[PDB]
Every structure is written in C-alpha cells, then in structure tokens.
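Below: work.txt (compact mmCIF, C-alpha atoms and all ligand atoms)
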# COMPACT_ATOMS: atom_id res chain seq x y z
CA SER A 1 -18.53 28.28 -0.12
CA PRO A 2 -15.67 26.70 1.88
CA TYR A 3 -15.05 24.33 -1.03
CA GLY A 4 -16.58 26.58 -3.69
CA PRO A 5 -14.80 28.06 -6.68
CA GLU A 6 -13.73 31.24 -4.87
CA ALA A 7 -11.90 29.28 -2.17
CA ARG A 8 -10.39 26.94 -4.74
CA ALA A 9 -9.22 29.90 -6.84
CA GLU A 10 -7.65 31.47 -3.75
CA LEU A 11 -5.92 28.19 -2.88
CA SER A 12 -4.56 27.92 -6.41
CA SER A 13 -3.40 31.54 -6.30
CA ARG A 14 -1.41 30.99 -3.10
CA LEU A 15 0.14 27.72 -4.33
CA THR A 16 1.02 29.16 -7.78
CA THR A 17 3.01 31.97 -6.18
CA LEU A 18 4.83 29.39 -4.06
CA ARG A 19 5.61 27.25 -7.10
CA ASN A 20 6.82 30.08 -9.33
CA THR A 21 9.20 31.33 -6.63
CA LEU A 22 10.46 27.84 -5.70
CA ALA A 23 11.46 27.35 -9.35
CA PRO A 24 15.17 26.43 -9.43
CA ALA A 25 17.75 28.82 -10.77
CA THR A 26 21.04 27.57 -12.15
CA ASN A 27 23.25 26.36 -9.27
CA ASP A 28 20.41 27.26 -6.90
CA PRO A 29 21.75 26.88 -3.32
CA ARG A 30 18.29 25.69 -2.27
CA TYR A 31 18.62 22.52 -4.36
CA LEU A 32 20.97 19.55 -4.52
CA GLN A 33 23.46 19.92 -7.37
CA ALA A 34 24.90 17.19 -9.58
CA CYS A 35 28.48 16.17 -8.84
CA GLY A 36 31.05 16.61 -11.60
CA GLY A 37 28.58 16.13 -14.44
CA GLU A 38 26.91 12.89 -13.28
CA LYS A 39 23.17 13.06 -13.92
CA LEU A 40 21.21 13.54 -10.70
CA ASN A 41 17.72 14.73 -11.69
CA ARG A 42 15.60 12.54 -13.95
CA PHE A 43 13.95 15.77 -15.16
CA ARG A 44 16.08 18.91 -15.39
CA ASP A 45 13.36 21.11 -13.87
CA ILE A 46 12.33 18.75 -11.03
CA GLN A 47 15.04 19.13 -8.40
CA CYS A 48 15.72 18.03 -4.82
CA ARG A 49 15.67 20.47 -1.88
CA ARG A 50 19.16 20.37 -0.36
CA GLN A 51 18.32 20.80 3.31
CA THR A 52 15.91 17.82 3.35
CA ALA A 53 17.83 15.64 0.88
CA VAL A 54 18.19 12.01 1.99
CA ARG A 55 21.44 11.22 0.14
CA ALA A 56 23.83 13.46 -1.74
CA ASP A 57 23.45 11.37 -4.92
CA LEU A 58 19.67 10.80 -5.00
CA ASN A 59 16.75 13.01 -5.94
CA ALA A 60 14.89 12.17 -2.72
CA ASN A 61 13.58 14.22 0.21
CA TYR A 62 12.47 13.82 3.79
CA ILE A 63 8.94 15.23 3.95
CA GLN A 64 6.91 15.95 7.08
CA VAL A 65 3.33 17.07 6.43
CA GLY A 66 1.81 18.00 9.75
CA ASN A 67 2.98 15.04 11.83
CA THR A 68 3.23 12.55 8.93
CA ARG A 69 6.81 11.59 8.00
CA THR A 70 7.70 10.11 4.61
CA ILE A 71 10.33 10.10 1.88
CA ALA A 72 9.38 11.24 -1.62
CA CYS A 73 11.75 10.58 -4.48
CA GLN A 74 12.05 10.24 -8.22
CA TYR A 75 12.12 6.81 -9.83
CA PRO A 76 15.84 6.01 -9.41
CA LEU A 77 18.05 6.27 -12.47
CA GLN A 78 19.89 3.09 -13.46
CA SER A 79 23.11 4.65 -12.15
CA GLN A 80 21.49 5.38 -8.76
CA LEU A 81 20.17 1.91 -7.94
CA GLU A 82 22.88 0.88 -5.47
CA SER A 83 22.47 4.15 -3.57
CA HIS A 84 18.68 3.83 -3.74
CA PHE A 85 18.79 0.32 -2.27
CA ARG A 86 21.15 1.51 0.47
CA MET A 87 18.67 4.28 1.29
CA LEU A 88 15.84 1.74 1.49
CA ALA A 89 17.79 -0.56 3.82
CA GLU A 90 19.23 2.15 6.08
CA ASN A 91 15.75 3.67 6.45
CA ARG A 92 14.36 0.24 7.46
CA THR A 93 11.71 1.13 4.91
CA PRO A 94 8.32 -0.16 6.18
CA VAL A 95 6.72 0.30 2.76
CA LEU A 96 7.82 1.33 -0.71
CA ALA A 97 4.95 2.62 -2.83
CA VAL A 98 5.70 2.68 -6.59
CA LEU A 99 3.04 4.66 -8.44
CA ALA A 100 4.61 4.40 -11.90
CA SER A 101 2.51 2.18 -14.11
CA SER A 102 3.73 -1.10 -15.59
CA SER A 103 3.48 0.34 -19.10
CA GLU A 104 5.71 3.27 -18.12
CA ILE A 105 8.33 1.04 -16.53
CA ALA A 106 8.27 -1.11 -19.67
CA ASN A 107 8.87 1.82 -22.04
CA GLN A 108 12.65 1.76 -22.32
CA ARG A 109 12.50 5.30 -23.71
CA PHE A 110 11.86 6.36 -20.10
CA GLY A 111 14.88 4.68 -18.47
CA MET A 112 12.97 3.34 -15.47
CA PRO A 113 14.75 0.19 -14.25
CA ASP A 114 12.48 -2.67 -13.20
CA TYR A 115 14.26 -2.82 -9.87
CA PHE A 116 11.56 -4.12 -7.50
CA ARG A 117 10.03 -6.92 -9.64
CA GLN A 118 13.30 -8.68 -10.57
CA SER A 119 16.28 -9.89 -8.61
CA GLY A 120 19.69 -8.45 -9.31
CA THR A 121 23.11 -7.31 -8.19
CA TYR A 122 23.96 -3.60 -7.95
CA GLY A 123 27.57 -3.03 -6.98
CA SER A 124 27.86 -4.59 -3.54
CA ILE A 125 24.10 -5.05 -2.95
CA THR A 126 22.07 -8.12 -3.93
CA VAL A 127 18.28 -7.93 -4.14
CA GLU A 128 15.66 -10.69 -4.17
CA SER A 129 12.08 -9.86 -5.17
CA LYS A 130 9.19 -12.17 -4.24
CA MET A 131 5.64 -11.38 -5.33
CA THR A 132 3.17 -11.57 -2.46
CA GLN A 133 -0.46 -10.48 -2.42
CA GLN A 134 -2.55 -8.53 -4.95
CA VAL A 135 -5.02 -5.98 -3.59
CA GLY A 136 -7.77 -4.36 -5.66
CA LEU A 137 -8.09 -0.62 -5.02
CA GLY A 138 -11.39 -0.17 -6.84
CA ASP A 139 -12.46 0.58 -10.40
CA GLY A 140 -10.27 -2.18 -11.81
CA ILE A 141 -7.05 -0.75 -10.34
CA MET A 142 -4.71 -3.39 -8.86
CA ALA A 143 -1.89 -3.11 -6.34
CA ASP A 144 0.73 -5.81 -6.85
CA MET A 145 2.75 -6.36 -3.69
CA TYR A 146 6.27 -7.68 -3.23
CA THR A 147 8.88 -8.31 -0.57
CA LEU A 148 12.28 -6.90 -1.54
CA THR A 149 15.17 -8.46 0.37
CA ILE A 150 18.31 -6.31 0.32
CA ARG A 151 21.61 -8.01 1.18
CA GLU A 152 25.11 -6.53 1.39
CA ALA A 153 28.18 -8.12 2.98
CA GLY A 154 28.68 -6.59 6.43
CA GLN A 155 25.24 -4.90 6.50
CA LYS A 156 22.07 -6.04 8.24
CA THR A 157 19.80 -7.76 5.72
CA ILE A 158 16.57 -5.79 5.28
CA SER A 159 13.27 -6.79 3.66
CA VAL A 160 11.05 -4.02 2.29
CA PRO A 161 7.32 -4.42 1.50
CA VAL A 162 6.40 -2.97 -1.90
CA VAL A 163 3.02 -1.64 -3.07
CA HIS A 164 3.04 -1.24 -6.87
CA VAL A 165 -0.03 0.38 -8.44
CA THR A 166 0.03 -1.16 -11.92
CA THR A 167 -2.34 1.28 -13.67
CA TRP A 168 -3.97 4.55 -12.73
CA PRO A 169 -7.67 5.47 -12.64
CA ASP A 170 -9.47 8.16 -14.60
CA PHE A 171 -10.03 11.59 -13.09
CA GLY A 172 -12.97 12.12 -10.78
CA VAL A 173 -14.67 10.14 -8.03
CA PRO A 174 -12.90 6.93 -9.18
CA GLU A 175 -9.49 8.51 -8.58
CA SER A 176 -10.44 10.00 -5.22
CA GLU A 177 -11.75 6.59 -4.14
CA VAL A 178 -8.68 4.70 -5.39
CA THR A 179 -6.47 7.26 -3.66
CA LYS A 180 -8.23 6.72 -0.34
CA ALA A 181 -7.93 2.93 -0.69
CA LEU A 182 -4.26 3.26 -1.66
CA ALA A 183 -3.43 5.44 1.36
CA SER A 184 -5.14 2.92 3.64
CA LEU A 185 -3.18 0.06 2.08
CA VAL A 186 0.16 1.88 2.24
CA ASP A 187 -0.44 2.98 5.86
CA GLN A 188 -1.53 -0.52 6.88
CA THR A 189 1.46 -2.18 5.21
CA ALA A 190 3.83 0.26 6.94
CA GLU A 191 2.21 -0.20 10.35
CA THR A 192 2.53 -3.99 10.15
CA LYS A 193 6.22 -3.73 9.22
CA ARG A 194 7.02 -0.98 11.72
CA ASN A 195 5.40 -3.12 14.42
CA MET A 196 7.72 -6.01 13.57
CA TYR A 197 10.72 -3.74 14.14
CA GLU A 198 9.25 -2.50 17.42
CA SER A 199 8.73 -6.08 18.62
CA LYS A 200 12.41 -6.80 17.88
CA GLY A 201 13.59 -3.72 19.79
CA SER A 202 15.03 -2.05 16.69
CA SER A 203 16.73 1.25 17.50
CA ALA A 204 15.15 2.53 14.28
CA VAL A 205 11.89 3.16 16.15
CA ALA A 206 13.51 6.05 18.04
CA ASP A 207 14.91 7.77 14.93
CA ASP A 208 12.39 10.06 13.22
CA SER A 209 14.64 10.03 10.13
CA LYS A 210 14.01 6.27 9.79
CA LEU A 211 11.00 3.97 9.30
CA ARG A 212 9.57 6.35 6.71
CA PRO A 213 7.31 5.21 3.87
CA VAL A 214 9.13 5.78 0.57
CA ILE A 215 6.91 6.96 -2.31
CA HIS A 216 7.74 7.58 -5.95
CA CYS A 217 6.11 7.70 -9.35
CA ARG A 218 8.27 8.77 -12.33
CA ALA A 219 9.30 12.27 -11.13
CA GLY A 220 8.01 11.99 -7.55
CA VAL A 221 5.82 15.12 -7.64
CA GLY A 222 2.42 14.16 -9.05
CA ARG A 223 0.82 10.91 -7.96
CA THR A 224 3.47 10.89 -5.22
CA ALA A 225 2.26 14.17 -3.70
CA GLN A 226 -1.38 13.14 -4.11
CA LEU A 227 -0.73 9.95 -2.12
CA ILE A 228 1.29 11.74 0.55
CA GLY A 229 -1.52 14.26 0.97
CA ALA A 230 -4.03 11.44 1.24
CA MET A 231 -1.86 9.67 3.83
CA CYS A 232 -1.52 12.76 5.99
CA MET A 233 -5.32 13.14 6.02
CA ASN A 234 -5.50 9.59 7.42
CA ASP A 235 -3.20 10.52 10.32
CA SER A 236 -5.24 11.22 13.45
CA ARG A 237 -2.53 13.64 14.59
CA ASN A 238 -3.18 16.12 11.75
CA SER A 239 -6.46 17.70 12.82
CA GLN A 240 -6.97 21.20 11.34
CA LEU A 241 -4.05 20.91 8.92
CA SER A 242 -5.17 22.77 5.81
CA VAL A 243 -4.73 21.77 2.19
CA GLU A 244 -2.73 24.98 1.80
CA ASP A 245 -0.50 23.82 4.69
CA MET A 246 0.10 20.33 3.36
CA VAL A 247 0.91 21.41 -0.19
CA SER A 248 3.09 24.29 1.01
CA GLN A 249 4.96 21.83 3.23
CA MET A 250 5.55 19.33 0.41
CA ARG A 251 6.76 22.15 -1.84
CA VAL A 252 9.21 23.74 0.60
CA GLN A 253 10.57 20.30 1.52
CA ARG A 254 11.01 18.83 -2.00
CA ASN A 255 10.31 21.31 -4.82
CA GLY A 256 7.71 23.76 -6.13
CA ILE A 257 6.18 21.12 -8.41
CA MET A 258 4.76 18.88 -5.66
CA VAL A 259 1.13 18.38 -6.72
CA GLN A 260 1.95 18.97 -10.38
CA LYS A 261 -1.48 19.00 -12.05
CA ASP A 262 -4.77 20.72 -11.27
CA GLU A 263 -6.43 17.29 -11.18
CA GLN A 264 -4.11 16.12 -8.41
CA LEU A 265 -4.94 19.19 -6.33
CA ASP A 266 -8.65 18.52 -7.01
CA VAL A 267 -8.27 15.04 -5.50
CA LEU A 268 -6.81 16.60 -2.35
CA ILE A 269 -9.61 19.19 -2.23
CA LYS A 270 -12.22 16.44 -2.55
CA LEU A 271 -10.67 14.33 0.22
CA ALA A 272 -10.48 17.41 2.44
CA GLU A 273 -14.09 18.30 1.65
CA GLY A 274 -15.07 14.78 2.74
CA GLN A 275 -13.51 15.46 6.16
CA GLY A 276 -14.59 19.05 6.63
CA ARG A 277 -10.87 19.89 6.59
CA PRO A 278 -10.08 23.53 5.69
CA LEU A 279 -8.64 24.35 2.29
CA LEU A 280 -7.11 27.69 3.29
CA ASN A 281 -5.35 29.18 6.29
CA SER A 282 -7.26 32.01 7.96
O1 LIG A 301 5.48 10.19 -12.60
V1 LIG A 301 4.55 11.64 -11.42
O2 LIG A 301 5.61 13.22 -10.70
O3 LIG A 301 3.96 12.48 -13.29
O4 LIG A 301 2.54 11.40 -11.18

Representation of the structure as structure tokens:
Amino acid sequence: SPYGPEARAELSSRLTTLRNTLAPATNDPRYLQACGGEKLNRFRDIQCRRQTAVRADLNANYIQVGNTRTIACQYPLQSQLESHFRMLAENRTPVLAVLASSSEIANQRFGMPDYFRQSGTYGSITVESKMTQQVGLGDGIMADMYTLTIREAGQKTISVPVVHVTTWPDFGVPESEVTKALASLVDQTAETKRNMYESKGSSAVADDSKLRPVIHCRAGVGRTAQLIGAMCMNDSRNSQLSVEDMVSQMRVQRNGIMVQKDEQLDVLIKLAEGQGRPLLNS
C-alpha cells in the first residue's frame, strides 16, 4: 500500500507536473543564460537554476535536500575546465563523485574531457592526478579513486578526493545495492576530508556554501540525482523527509529533469521502502 502501485503512480503524477512546469523557456529568468554565445549547457534542455548557481559560467547548482548539502553539476565542457577546477578548490571539495563511465569519457563524440585521471594545465591552474585505492561496490562495479591536487599561483593549493564509478550496474536490486554502497563510500570519503580541514581550523567549516560533495555524471540529472537522494537518506538529520520532498527539492534547485528516468526514481523508492521512509507528503 504505502509503496504499492497507487502510491507510486501518485508520486509520479506529482513529480511529472513539477517537471513539465520547470521546463525552461527561451531566456527563462529562472535559469542561468549563456554569455554572448559561449556554450554553457552541455545539453540544450538541461539548464542550471540561476538562484542556486555556483558560478556564472558553469552548469552547476547548490542543492540542499533536507539537511544534506551538495553541489550537482554537468560534466564540465572543455572550455569550462579552469572555472570548474576553481570551483572545486574554492569549495574545499571533500569529495568529487564522477558517475560517468570510462567508456563514455573515452567516446570523443561526447566531448567529456578526462580531467581527473590525467595531469594538465588549464589557464592559470595546474592539476596533478594520483590514483589511490580501488573499492568494489558490488556486482562487479568498481570505484577508482584519485587525489586531484589543484595549484594556482597566489591561491591555496587544494587536494580533492575523487570517486569514479567506472561502469554502471543493471536495473534492479543490483543497482539499489550498488547505490547504497556508493553513497556510503562518498559520505565516508567526504567525512575523512572534512575532518582534516576541521583539525586544521579551516574557516571553510563555518561556511555552508563550502565543503560540499560535488557530484556529476554526463548531464548531472540522472545517476547524479539518484546518488544525491541515496546520500540524503544516509543523513541522520533527514528523518521523515519524503521521496516527494527530496525530488521536488532537487528539481527546484537545479532543474525539472533531476531524476531523469523511471528506473532512477524506482531506486529511490526502493531505498525509501527499506527505511520505512514515506514516498508522499500527507
Ligand atoms: O549522464 V546522467 O544526467 O544520464 O545519469
């Protein structure tokens, strides 16, 4: 009943209305607009809510789901890499979770620069990538981890832990289990790094706009929203937050596409069912 087909149909009805109406119109004042013709959105229809935008030249949003604070973004365009690295450093990013598969990144047709597995120079910023551990998430899925060290003359040097999920599981219980293991790994990695900053007395600890996990896949709305939803269910502070709440919050704070596919919503429903967490608001 509470997780039966009637409730799931009602959830989908509410979310569909929200999506359709959050759809961007041309020059929509709700969404960040490209500057003077320079491409901003990787996908024309997948835009960036202006009032929560992190930087004026990235497709990237501050998201707070219940009490859980993150950044969700698209895979940066080649032209955006310097700005993307500056975002990562200024945020004191405690974990960067890349959910785009290795095969996608490799496909040059997709224009996804291999920016966290190779060292490089991007304008004024230099980046060193060192591969660290490899963590199995179940069902043959592997998380390759890295430390990204971001240097820029005059700026504090910042190292960012990276969790890269190299392939994605098949729908069903395997994907719900991998998602749970991924959220645990991303949360754990962020807590370890945030603790380091706290032990140093970093002022970043007092700034709720900083120390946010950064999550992206290709467009930052599918696997990215699924992971964010899974992470907010791991947060002890989010008791009674409904699936309707968390998806509505991701959509108002990034775009109407957050949780793009029925199968991604079904993962969230299954995780919520496992907790006795409500699907709908009463
Ligand atoms: O690269 V994603 O917004 O399709 O899961």

### Message
Residues within 8 Å of residue 194 in chain A, please, as a PyMOL selection string. Count all atoms listed in the file; anything in the same chain fewer than 5 positions from it doesn't count.
### Response
chain A and resi 94+205+211

#### Entry: Residues within 8 Å of (14.7, 0.4, 7.1), file coords, all atoms listed in the file, listed as a list in words
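Protein and nucleic acid residues near the point are residues 88, 89, 90, 91, 92, 93, 94, 158, 160, 204, 210, 211 and 212 of chain A.
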
#### Entry: Close residues, residue 216 in chain A itself excluded, 7 Å, all atoms listed in the file, min 5 positions apart in chain, as a list in words
residues 72, 73, 74, 75, 97, 98, 99 and 224 of chain A

How about saving the chosen residues, C-alpha atoms kept, as a short mmCIF file (atom, residue, chain, number, x, y, z; two decimals), in the frame of the given file?
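Full text of out17.cif as output:
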data_model
loop_
_atom_site.label_atom_id
_atom_site.label_comp_id
_atom_site.auth_asym_id
_atom_site.auth_seq_id
_atom_site.Cartn_x
_atom_site.Cartn_y
_atom_site.Cartn_z
CA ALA A 72 9.38 11.24 -1.62
CA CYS A 73 11.75 10.58 -4.48
CA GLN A 74 12.05 10.24 -8.22
CA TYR A 75 12.12 6.81 -9.83
CA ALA A 97 4.95 2.62 -2.83
CA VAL A 98 5.70 2.68 -6.59
CA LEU A 99 3.04 4.66 -8.44
CA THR A 224 3.47 10.89 -5.22
#

### Message
Please list as number ranges by chain every residue within 8 Å of range 58-71 of chain A, counting only C-alpha atoms and excluding residues in the same chain fewer than 6 positions away.
### Response
A: 32, 40-41, 47-49, 52, 80, 83-84, 208-209, 212-215, 228-229, 231-232, 235, 237-238, 241, 245-246, 249-250, 253-254

### Task
Go through A:202, A:260, A:124, A:16 and flag the residue nearest residue 154 in chain A, using all atoms listed in the file for the distances.
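Selected residue with least distance to residue 154 in chain A: A:124.
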
Which residues of chain A have any atom within 6 Å of an atom in ligand LIG 301 (chain A) when counting only C-alpha atoms and all ligand atoms, and what is the closest pair of atoms for each, with the distance in Å to one decimal? Order the rows by chain and rising number and write it as a Markdown table.
| residue | atom | partner | partner_atom | distance |
| --- | --- | --- | --- | --- |
| A:100 | CA | A:LIG301 | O1 | 5.9 |
| A:217 | CA | A:LIG301 | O1 | 4.1 |
| A:218 | CA | A:LIG301 | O1 | 3.1 |
| A:219 | CA | A:LIG301 | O2 | 3.8 |
| A:220 | CA | A:LIG301 | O2 | 4.1 |
| A:221 | CA | A:LIG301 | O2 | 3.6 |
| A:222 | CA | A:LIG301 | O4 | 3.5 |
| A:223 | CA | A:LIG301 | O4 | 3.7 |

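Pairwise distance (CA of residue 166 in chain A, CA of residue 144 in chain A) equals 6.9 Å.
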
### Near-residue 247 in chain A list (9 Å; all atoms listed in the file; drop same-chain fewer than 4 positions) as a PyMOL selection string
chain A and resi 15+65+225+229+242-243+251-252+258-259+265

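Pairwise distance (CA of residue 276 in chain A, CA of residue 173 in chain A) equals 17.2 Å.
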
#### Entry: Shell of 8 Å around residue 127 in chain A, only C-alpha atoms, local chain residues under 3 positions omitted, as an MDAnalysis selection string
chainID A and resid 119:121 148:151

### Message
Between CA of residue 262 in chain A and CA of residue 50 in chain A, what distance in Å does the model show, to one decimal?
### Response
26.3 Å

Give the centre and edge lengths of an axis-aligned box, in Å to one decimal, that holds all listed atoms of range 5-23 of chain A with 6 Å on each side, as JSON.
{"center_x": -1.7, "center_y": 29.5, "center_z": -5.8, "size_x": 38.3, "size_y": 17.0, "size_z": 19.2}

### Query
Looking at all atoms listed in the file, which of A:234, A:159, A:226, A:255 is the one that sits closest to residue 197 in chain A?
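Looking only at the distances to residue 197 in chain A, the closest residue turns out to be A:159.
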
### Expected residue set, 10 Å radius at (9.8, -3.9, -13.4), all atoms listed in the file, as a PyMOL selection string
chain A and resi 100-106+112-118+164

### Query
Nearest to residue 17 in chain A among A:248, A:156, A:275, A:77, with distances taken over all atoms listed in the file: which residue is it?
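Going through A:248, A:156, A:275, A:77 one by one, the smallest distance to residue 17 in chain A is for A:248.
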
### Summary
Of A:78, A:26, A:239, A:189, the one sitting nearest residue 123 in chain A when using all atoms listed in the file is A:78

Reconstructed range 75-89 of chain A, atom set N, CA, C and O atoms, as a short mmCIF file (atom, residue, chain, number, x, y, z; two decimals), in the frame of the given file:
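Written output follows (part21.cif):
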data_model
loop_
_atom_site.label_atom_id
_atom_site.label_comp_id
_atom_site.auth_asym_id
_atom_site.auth_seq_id
_atom_site.Cartn_x
_atom_site.Cartn_y
_atom_site.Cartn_z
N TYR A 75 11.77 8.17 -9.45
CA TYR A 75 12.12 6.81 -9.83
C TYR A 75 13.63 6.76 -10.05
O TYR A 75 14.16 7.53 -10.87
N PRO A 76 14.38 5.93 -9.33
CA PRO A 76 15.84 6.01 -9.41
C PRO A 76 16.33 5.77 -10.84
O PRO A 76 15.79 4.95 -11.58
N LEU A 77 17.35 6.54 -11.23
CA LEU A 77 18.05 6.27 -12.47
C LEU A 77 18.85 4.97 -12.34
O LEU A 77 19.17 4.51 -11.24
N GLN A 78 19.14 4.35 -13.48
CA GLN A 78 19.89 3.09 -13.46
C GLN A 78 21.19 3.25 -12.69
O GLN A 78 21.59 2.34 -11.95
N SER A 79 21.86 4.40 -12.84
CA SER A 79 23.11 4.65 -12.15
C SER A 79 22.94 4.81 -10.64
O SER A 79 23.92 4.69 -9.90
N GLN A 80 21.73 5.10 -10.17
CA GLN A 80 21.49 5.38 -8.76
C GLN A 80 20.99 4.17 -7.98
O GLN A 80 20.71 4.31 -6.78
N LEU A 81 20.88 3.00 -8.60
CA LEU A 81 20.17 1.91 -7.94
C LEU A 81 20.87 1.45 -6.66
O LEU A 81 20.20 1.16 -5.66
N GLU A 82 22.19 1.34 -6.68
CA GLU A 82 22.88 0.88 -5.47
C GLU A 82 22.61 1.85 -4.32
O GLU A 82 22.29 1.44 -3.21
N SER A 83 22.74 3.15 -4.59
CA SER A 83 22.47 4.15 -3.57
C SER A 83 21.01 4.10 -3.13
O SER A 83 20.70 4.26 -1.94
N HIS A 84 20.09 3.89 -4.07
CA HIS A 84 18.68 3.83 -3.74
C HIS A 84 18.38 2.63 -2.83
O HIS A 84 17.65 2.75 -1.84
N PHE A 85 18.98 1.48 -3.13
CA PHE A 85 18.79 0.32 -2.27
C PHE A 85 19.40 0.55 -0.89
O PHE A 85 18.83 0.14 0.12
N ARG A 86 20.56 1.21 -0.84
CA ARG A 86 21.15 1.51 0.47
C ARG A 86 20.25 2.45 1.26
O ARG A 86 20.09 2.29 2.48
N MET A 87 19.64 3.43 0.60
CA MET A 87 18.67 4.28 1.29
C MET A 87 17.52 3.46 1.85
O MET A 87 17.10 3.66 3.00
N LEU A 88 16.99 2.53 1.05
CA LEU A 88 15.84 1.74 1.49
C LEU A 88 16.20 0.92 2.72
O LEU A 88 15.41 0.82 3.66
N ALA A 89 17.38 0.30 2.71
CA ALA A 89 17.79 -0.56 3.82
C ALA A 89 18.08 0.27 5.07
O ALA A 89 17.62 -0.06 6.16
#
